[PDB]
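You are given structure tokens for the same protein chain in two forms, set apart as structure 1 and structure 2.
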Structure 1
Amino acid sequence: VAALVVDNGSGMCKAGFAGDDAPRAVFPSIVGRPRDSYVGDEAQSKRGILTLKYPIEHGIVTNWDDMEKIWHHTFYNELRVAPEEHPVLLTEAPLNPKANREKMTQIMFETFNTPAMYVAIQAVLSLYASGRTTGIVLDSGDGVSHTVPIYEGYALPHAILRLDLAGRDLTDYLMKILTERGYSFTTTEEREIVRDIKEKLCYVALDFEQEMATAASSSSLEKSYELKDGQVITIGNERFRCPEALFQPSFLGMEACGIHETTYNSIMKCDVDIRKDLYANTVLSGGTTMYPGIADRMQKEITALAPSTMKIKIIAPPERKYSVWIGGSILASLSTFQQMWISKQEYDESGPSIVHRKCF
């Protein structure tokens, strides 16, 4: 019997079997209720008649009722299995409140009656998925960005930094800067178009001010996007102005450090003796790190911050859109992991608080 691996995100949930190289179920973290109860794709298409809920905000579960439905759906509808037959790996955000980890443990055992379970930190699993057990992860998804220094599988809590600027913010940004040049977006279908344009045509410029000058003197960086009806929207500097907001959050009116300085600042919060290993093992994870050019820009920017003698290395796995899950698929498949689960037996004995001592 293979374990189940469930990665729940602010925008998308990913689910499948430990031992597999990819999740079998990927669907929106949406729960909709009439203006009886809908979840996922189903819920996105019936949105005209539904009040849509997002139970995970910035990576943290804020609604446990809606969250319980997502997990129900995941097991019975998307994966078509039974929880009491399968050990379950769940993932959690870095710095997840102690109460949230307890409530999560309680729900699996008591609502779904799992035989065994575990909860792992999303960023740690992306590191594992790349072949490493020490390094720093930049995890940027739909809702939140984290910089997570990890030492031999342990995320260093004092050094983790959180930035609420990620994919949904960049889609809203692109809408806005496309609006300023003429276009108009009043419907939810039009937002989904902008999000597709973002994912297909945006990129990170190696030198922003130079790329801006390029864009102003010719149409060499222009690309067109063709709509189903046959109309086309043409995009120039908005291609790289949108993800520039990751490095300059001012563009969104945020008084915050860019993803480069956040990464640096986490490294500097760590012990001087491990920094060498962090600098050469900076791993990108998450959908918002998928922009072409992002690794070379991170490399450039961190080189400019770190000591001149330091080796800077940014690892950007091609499949990093799913690396959290894949990391989990690996862990949960390992033979040596097998006695690290929390058993139904251990739960009954100790309660929900056993999670703090078994999943550290």
Structure 2
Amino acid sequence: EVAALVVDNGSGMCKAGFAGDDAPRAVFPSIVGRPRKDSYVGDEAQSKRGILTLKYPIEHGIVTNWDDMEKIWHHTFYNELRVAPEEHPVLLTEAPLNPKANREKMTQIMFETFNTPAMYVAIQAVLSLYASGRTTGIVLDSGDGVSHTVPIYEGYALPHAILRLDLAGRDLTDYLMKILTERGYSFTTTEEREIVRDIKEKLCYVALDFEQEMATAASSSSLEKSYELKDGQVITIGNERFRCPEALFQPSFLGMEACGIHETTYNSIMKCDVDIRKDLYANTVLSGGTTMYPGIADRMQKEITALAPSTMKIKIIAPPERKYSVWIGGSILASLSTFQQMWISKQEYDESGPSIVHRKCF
């Protein structure tokens, strides 16, 4: 056979490549644009913001507009990867606990619209655990539009213990824009949002102790970092560096009543059979671009520890390439001998119909 194609659809970015590679061949923005050709996808859809009405097909992880998603996939196949989908089995990723109806539309589009010889849909968080080389653990997947905690035991996810936190990279990006603005600068436009997203990714970090970090930055300049704008203006970022990602642990800074990532992780563990909570505590795996902040692991360690029984062994695993662990796990799974029997063949589709997805996929 040829290569399966691994397509990781995200809320902000989409990752695509060939099973067997250790990194996705292409990564582009999850946006489609039409007149305010007929449509535009990715970076070129943004540079035409003023003349195009932009839409975001994947919000908070769920596909909300199928015509748009279909265009993202068409763009992924012909423009990005430059392959014929009918000559490749396709593995798509999806968010945990998504509408059963969605899973059927994904299958249908892949077969009836792209004529894929075979496809499959897999929960992102599970792929990340596989990427870490485990079959048991609790993954904290945090991206650009949504965050989930997914307990997995012996290779299978535990639906009833999965939680969803609507706080991720996009919220943090805007929050950084707001505090720097309060600082004396002015970041409010979509063009500027792209700039603050870059600042956030390069100079932000999670303090081990908020207050102490605040005190150190209020009486010293030791934590300050300079950032240069394209036009040459140099701006300094002080406590914003850590105050921004702090919103993950304290959503209230954003007017949100939901509990932080550490507490949400703990809550997923408690929803699990007491017999496996230990395995989960010693195997808390970070995933997604938003778990990339320097210092986040040691902070998760300290916070989880404070929540769990004193006799509990805590361990936070923060893979270096966790910004793509989902896609990678997909690359790994698609090539698994034991996984081949899971693909949904076009034959299995013609006979059983779209509903075949609930049998082999879930």
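Between two forms, the rigid core is defined as the largest C-alpha subset superposing within 1.5 Å. Residue numbering: sequential along structure 1, first residue numbered 1.
Core-aligned Cα shift between structure 1 and structure 2 at residue 242: this is 0.3 Å.
Once the core is aligned between structure 1 and structure 2, the alpha carbon position of residue 186 differs by 3.8 Å; this is the C-alpha shift at that site.
On a core-based overlay, residue 154 has a Cα shift of 1.6 Å between structure 1 and structure 2.
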